[PDB]
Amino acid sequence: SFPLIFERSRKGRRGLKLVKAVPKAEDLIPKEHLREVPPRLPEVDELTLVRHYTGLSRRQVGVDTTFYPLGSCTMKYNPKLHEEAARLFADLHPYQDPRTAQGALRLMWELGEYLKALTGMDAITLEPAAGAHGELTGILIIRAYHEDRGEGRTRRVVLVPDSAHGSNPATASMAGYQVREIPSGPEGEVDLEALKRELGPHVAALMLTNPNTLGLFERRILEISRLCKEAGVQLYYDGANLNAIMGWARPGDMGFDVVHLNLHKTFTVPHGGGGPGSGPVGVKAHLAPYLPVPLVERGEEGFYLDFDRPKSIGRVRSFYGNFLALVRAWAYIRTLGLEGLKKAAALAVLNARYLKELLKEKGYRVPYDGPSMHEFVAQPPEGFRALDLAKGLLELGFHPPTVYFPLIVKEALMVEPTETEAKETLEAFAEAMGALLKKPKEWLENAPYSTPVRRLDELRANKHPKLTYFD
């Protein structure tokens, strides 16, 4: 039982008091523009506010308190150093004289250069938000390219692998493209025969994650690129799994023309319960002219925001992007350097490959298990539902991995430990995953038991939704 903030409030109670001499509305705003009824906001003192949210935080878990093996989210440690770094640039206004914001602009430029060097890209935008925002940006860029070369009406197809995340086709489809699904081989990699048969002058682009959603590196990526270039198809890189190869391989050298990065994933920006985040987009020279505006450039006189991009797709979000997130990513990269990022990738892969062995020993199956990278997809033995195993994990004090994805693997458990988790933690987790398979069916189907709340009525939430306190 935990009280809602609205239940904690009392009529007339005050919290923060930021105004010494409050003026009268009627003297500043004409009657007809004044709010008649006050918004029903909480009325609580500060102590209550602190009690409420501190209490809510204690009814919550994060990387700071629990192992989060969330596949395709890269739940790595978020250095506290970065939060200190972020507050150093809090008092800056986007519209202040750029001549007085050279430090911020310089930082944005340097991060730009770093991300480009790790990605093998020629230009980059640090403007797009988290989620599919950068994904949309990259697609629009590919569309602008073809349209400009005069093939916009023919390049109407985007190709995605059967294992791709629903996000990929949803974004392409939203950009007016027709999506064709390509089946993968028995190994879980791209079927080259299916792709060759499918390629042609009608295909605008091919979207891939490498390593793919199964945690497997696409070993024939150079052939796939050769094939795409031959058909004039743009190779798009979903960067969700960049963590496996930082420093070992550049997406650009694999033939990718555009790269979608996620700072809140690969570069430690905190996940913050869903956001905010940052999705920079790197591009090869032939696509740079379509990048959204503005871009951060360096002149002999100084850093500036470049808006003079005649072929730009425009603006995709406000101002210049999640600046505070950029600061964090910058701090991270300047901390580890190439050798630190390279080692992180290696150990992220070692942790996953090691945990996979532990899970297989615990009785779990791995449908596609070629050499594992930063993640892998396991399945419980027949008779168990990933759903139930997840709830039992909750009871055992661990957080489950991504469940029911990728779709090509039933009862899938997508596990990604990241490089910051310790060897003994991987083992403890494996022990828990194993002990669950020995638990009676009823105990499993009725877990958890000790968490702040037990299994929730998802049906009532859908048929009898209550979206606000005042519903």
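Numbers follow the displayed sequence, beginning with 1.
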* Of 185-193 and 255-263, the stretch whose C-alpha atoms average the higher B-factor in the entry -> 185-193
* Structure fact -> Looking only at C-alpha temperature factors in the entry, 324-332 or 170-178, the higher average sits in 170-178
* Structure fact -> Comparing C-alpha B-factors across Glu419, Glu416, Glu445, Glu46 in this entry, the winner is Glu445
* Can you pull the Cα B-factors for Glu113, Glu127, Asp306, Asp238 from the entry and say which is highest? => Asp306
* Would you mind checking where the Cα B-factor of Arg298 ranks among the modelled residues of its chain, as the lowest, middle or highest third? => highest
* Within-chain third of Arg455 by Cα B-factor, per the entry -> highest
* To do: Could you look up the Cα B-factor of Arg40 in the entry and say which third of the chain it sits in: lowest, middle or highest?
  => middle
* Structure fact -> Chain-relative C-alpha B factor for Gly232 (record values, thirds): the lowest
* **Chain third (lowest, middle, highest) by recorded CA B-factor, residue given as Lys17** => middle
